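Take a look at this one chain, the form deposited in one PDB entry, written out in structure tokens.
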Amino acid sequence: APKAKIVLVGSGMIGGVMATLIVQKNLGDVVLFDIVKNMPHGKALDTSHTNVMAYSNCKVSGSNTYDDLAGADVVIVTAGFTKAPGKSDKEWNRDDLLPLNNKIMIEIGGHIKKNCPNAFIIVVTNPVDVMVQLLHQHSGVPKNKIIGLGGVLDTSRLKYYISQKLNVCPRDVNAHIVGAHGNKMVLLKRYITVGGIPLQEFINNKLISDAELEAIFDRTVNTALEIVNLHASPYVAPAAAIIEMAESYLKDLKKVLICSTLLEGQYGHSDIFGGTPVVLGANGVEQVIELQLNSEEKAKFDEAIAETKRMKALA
């Protein structure tokens, strides 16, 4: 068919949810690729039955062969590790895994360059703002054809927690988190709206306080940790955020979505990837939007980029 071909490089917890949502939305044929033998065939078979319940017609097939990248329209990379082996859940962060996940990105980039150089790529593997640039360099793809997950996920949390306090539809809260995904993410209080109205109006009316919002900000930064400490793992919202990005691409919706992208002067920064609103459509990254940040907000953005540069050197 001229159905899109979507290759999930990595068939773990995020991979399984992505496959499920692609069939629900009838977005295209799916390949679950992994290095683990047999497992991706098992998940694919299970998932393929749901075409019946969903009134869809998407193939879902497993793969242990890199050459099945051939002909891909969209490549989604989750391959790598989720925790360090021998650290505890209380101390979960990023430093020894870096050269190893570097190696995985380099291997995957080579297979992309050979098999699907015209594919649109989404990178997920952490630390994402480092790994996305490494894959960019080794795959050879144009700068408008590769992005990383960060802001759609981080803002989903902030938007959701505010909507519960104000008793409004979650999607009616808009908000911006920039710079990097991780503990230096920059939460922009000045860019939060409710039904398109400045959040400051709701603060002046005593519907939500400054102190409540400080606690929600800390909650947003520490959410992945909060979920690990409740004896679970974040993969459902991560999968839904990635599928919103891939769907904007495939259907040429042109949504404004905060993603990691090559900076060429925005915010003062070049030769690095960082999180900012972009427009995603049929030509990929159609527009990179630069927020007109003030000096206090710029100083936080600078701290986030410096941490990406630090980990890049260790990779």
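Here the rigid core means the biggest group of C-alpha atoms that line up within 1.5 Å when the two forms are laid on top of each other. Don't overthink the numbering: it's just position in the shown sequence, from 1.
Colleague: Among the other entries of this protein that were compared (only those with both neighbours built), does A84 lack coordinates in at least a third?
Modeller: Other entries vs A84: at least a third skip it.
Colleague: Which of the two stretches, 10-18 or 298-306, shows the higher mean Cα temperature factor in the record?
Modeller: On average, C-alpha B-factors are higher across 298-306.
Colleague: Tell me which stretch has the larger mean Cα B-factor in this entry, 180-188 or 235-243.
Modeller: Looking at the record's C-alpha B-factors, the answer is 180-188.
Colleague: Quiz for you: based on the deposited Cα B-factor, which of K159, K145, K165, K114 is highest?
Modeller: That would be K114.
Colleague: Which is it among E214, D172, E201, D96: the one with the largest CA B-factor in the entry?
Modeller: Out of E214, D172, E201, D96, the record gives the largest C-alpha B-factor to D96.
Colleague: Please place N38 in the lowest, middle or highest third of its chain according to the CA B-factor in the PDB entry.
Modeller: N38: CA B-factor falls in the highest third of its chain.
Colleague: Is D46 in the lowest, middle or highest third of its chain when residues are ranked by C-alpha B-factor?
Modeller: Bottom third by C-alpha B-factor.
Colleague: In terms of the chain's CA B-factor thirds, is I121 lowest, middle or highest?
Modeller: Its C-alpha B-factor, which the entry lists for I121, ranks in the lowest third among residues of this chain.
Colleague: Based on the deposited C-alpha B factors for this chain, I'd like to know if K251 is in the lowest, middle or highest third.
Modeller: For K251, the deposited C-alpha B-factor lands in the middle third.
Colleague: How does the C-alpha B factor of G265 compare with the rest of the chain: lowest, middle or highest third?
Modeller: For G265, whose C-alpha B-factor we compare with every modelled residue in the chain, the answer is the highest third.
Not pictured, yet referred to below: the form deposited in another entry.
Colleague: Might you check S233, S163, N174, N115 and identify the only one whose CA position changes by 2 Å or more between the shown form and the other one on rigid-core superposition?
Modeller: The listed residue whose C-alpha shifts by at least 2 Å is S233.
Colleague: Aligned on the rigid core, do the two forms place the Cα of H138 2 Å or more apart, comparing between the shown form and the other one?
Modeller: No: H138 shifts by under 2 Å between the shown form and the other one.
Colleague: Can a Cα shift of no less than 2 Å be assigned to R94 between the shown form and the other one, given superposition on the rigid core?
Modeller: Yes, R94 moves 2 Å or more.
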